[PDB]
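Before any questions on how it binds or moves, here is one chain, the form deposited in one PDB entry, in structure tokens.
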């Protein structure tokens, strides 16, 4: 007979040499699933000791157990308060950091004063602790904290000596002021801004983050105030620690929407913002990602900042895949009418390489580059054909589609190289591609004598095709028959038969009928209808609504800068 019954004895033995060594084992089997609890009291009264090693041990037991059994936790109170007096600042701070972790409406009252004392303890390590304990308690009684004055108590700690405390107070205080938006627990007036615009030059790394994240919410309502506030955070654009760099950028980006373009300052706060977030791309992969998601935002709202900087967003062969993807998007966004030369080259490379799933992403970009840089569409089509000559299937199939849509977006202009492309009807397997080719043959049929057996070959396996090609091929054959009647009298029949009789996709069957009925009873209108210049297709979004973009430039540091969703889409 033993087990747990045996650890209870190992502790009680008044040999504080034995107690010490025994407690060790109990703390060890918490982190191994075993249900302790039967030993709670016996641990508590090991608390009554001097040995700083054995006490910060027992507190692990208590704390990783008041965030679990807060109801069996509060039975230690008289021993927690006792430790709030204890001369040793470590056991003072420890007693506070665990006491607040007891989440139960019943401790609001026990903790009141012990925290009040620790809030103005000699030692800053007790003070830094009590500061976030204030928050840890506003979580269980947001009133009691506004009342017992702990709020004005935090507001004191921001002026505190050592930054380690300031830092925590500024976070706790912002955490509350957020939970109560209207109550203006921060307020931030034009005068008490200088108050914390100074703690920013100290306040450890964290805390400079917490401070900057409060400054976001202020708004000078005065040009001269924004300018003399920006020139006070301009320096924080270096603190390694991308969390600072970004949070400062977040501030700067919101203030700089003040003063149109005069006073070199604006012209210069732009030039001043490039270097830092450029050198953000030189951090660890995870942070590169976060930067990139924000740079994506940034260059949309304020292009001018990362204009010359495109080379930086170029893909390195070993960038983690997520960085690669985000680099590419930004490459697109910076693709200037005066560097697609450089950019396409790069994309061409990416398509040449070996990460297949990105090769695809790369060619689609060449297409997007033809959209964004209107005057370059020709070189794009050039390189797409280069890639196509590679006869590498994954590449071709993605290229023929983009080509398809460049034709649809700029005149025809490329009737030339059309007869060529119909060299690749070899391995067009992917539906989207066949559909693209089948289409190109339909339009542009007057330029390919081939069209007949081109479209015919597709026809031979029609009830096995994509619903997409089936539909595209119906339109392409009809097109042909209005362009070259006779050469194709039999084809239109077969398609229309098959669409109508053989196909059981209802949408298809209809179009079988629509055409057949239109051709046979009014061909002079059939031609008026199915042909006729389609307009130049217009792209899609590109950017973001100017008003929601504005809403997450405001959030440049946060998760909302990563997902591009406003905070309301995660709570």
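Residue numbers count along the first chain shown, from 1. Think of the rigid core as the biggest set of C-alphas that the two forms share within 1.5 Å after superposition.
There is also a form deposited in another entry; it is not shown, and the following applies to it.
Shifted position (C-alpha, 2 Å or more, core held fixed) between this form and the one not shown, chosen from 387, 406, 273, 454: So the only displaced C-alpha belongs to 454.
Taking 2 Å as the cut-off, check whether the CA of residue 50 shifts that much or more between this form and the one not shown after a rigid core fit. Superposed on the core, residue 50 moves its C-alpha less than 2 Å between this form and the one not shown.
Core-superposed C-alpha of residue 114 shifting 2 Å or more between this form and the one not shown: Shift of 2 Å or more: no.
Align both forms on the core first, then report whether residue 190 has a C-alpha shift of 2 Å or more between this form and the one not shown. Moves: yes, 2 Å or greater.
Compare the CA separation of residue 148 and residue 213 in the other entry with the one in the displayed structure, and answer closer or farther (the difference is at least 3 Å). Relative to the displayed form, residue 148 and residue 213 draw closer in the other entry - a change of at least 3 Å between their C-alphas.
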